[PDB]
Q: 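Quick one: this structure, given as structure tokens, is what I'll be asking you about.
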Number of protein chains: 2
Amino acid sequence: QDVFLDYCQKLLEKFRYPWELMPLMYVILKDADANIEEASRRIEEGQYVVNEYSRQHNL
Amino acid sequence: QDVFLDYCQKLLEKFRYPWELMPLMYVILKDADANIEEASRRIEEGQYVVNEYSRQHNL
């Protein structure tokens with residue numbers, strides 16, 4: 001549990017998120033079975049999809 | 001895909017997050033197969049766990 005929250009903080013820091021988003025890092029990493037690489041890839045996919053939805057809709 | 005992003009925005013708004021966190025709503029809701037109730041429950045679990053780790057560690 002303690003180590004898991006350590007990975008959560010690593011993920012948080014990689015993406016320059018504030019501590020208030022630790023709950024979201026918890027969910028994403030738990031969903032990915034504590035696979036930090038896969039969690040990172042997933043966040044990058046979200047960032048892409050959101051960015052392009054915005055660009056392709058005048059945002 | 002368009003409707004999926006509307007659900008992501010509904011989840012974003014429920015938890016009072018700014019637009020910048022849409023990528024995280026995308027991941028969590030995708031992981032939950034677009035089940036918004038389950039996405040909510042999971043974020044609530046993360047909120048509990050993080051809050052409890054903080055309280056039980058002087059934060």
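Each chain gets a letter, A, B and so on, in the order the sequences are listed, and its residues count up from 1.
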Q: For atom OH of B:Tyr7, decide whether the heavy atoms of other residues, nucleotides or ligands shown that lie under 6.0 angstrom number more than 12.
A: no

Q: I would like to know whether A:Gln47 and B:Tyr26 meet side chain to side chain contact (heavy atoms under 4.5 Å, CB included); could you show each step before the answer?
A: CA-CA 9 Å; A:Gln47 282 178 338; B:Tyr26 174 99; over 6 Å; no

Q: So which part of A:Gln1 gets closer than 4.5 Å to some heavy atom of chain B, the side chain, the backbone, both or neither?
A: side chain

Q: Heavy-atom count around A:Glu20 CD within 6.0 Å, excluding the residue itself: above 12?
A: no

Q: Determine the minimum heavy-atom distance between B:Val50 and A:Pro23, stating which atoms define it.
A: CG2-N, 3.8 Å

Q: Less than 4.5 Å apart, any side-chain heavy atom of B:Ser54 and any of A:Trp19?
A: yes

Q: Please report the interatomic distance CG(A:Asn51) to CE(B:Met22), rounded to the nearest 0.5 Å.
A: 11.0 Å

Q: Does the side chain of B:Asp31 come within less than 4.5 Å of A:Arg42's, by heavy atoms?
A: yes

Q: Examine whether an atom of B:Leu5 lies under 4.5 Å from a heavy atom of chain A, and if so say whether it belongs to the side chain, the backbone or both; otherwise answer neither.
A: side chain

Q: Roughly how far, to the nearest 0.5 Å, is CG of B:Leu21 from CG of A:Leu24?
A: 7.0 Å

Q: Is A:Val3 linked to A:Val27 within one hydrophobic cluster, defined over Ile, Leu, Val, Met, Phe, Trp and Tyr using a side-chain heavy-atom separation of less than 4.5 Å?
A: yes

Q: Side chains of B:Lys30 and A:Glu45, heavy atoms from C-beta outward: is any pair under 4.5 Å?
A: yes

Q: Would you mind checking which part of A:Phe15 comes under 4.5 Å of any heavy atom in chain B, side chain (CB onward), backbone (N, CA, C, O), both or neither?
A: neither

Q: Could you check whether A:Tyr53 and B:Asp2, counting side-chain N and O atoms only, form a donor-acceptor pair closer than 3.5 Å?
A: no

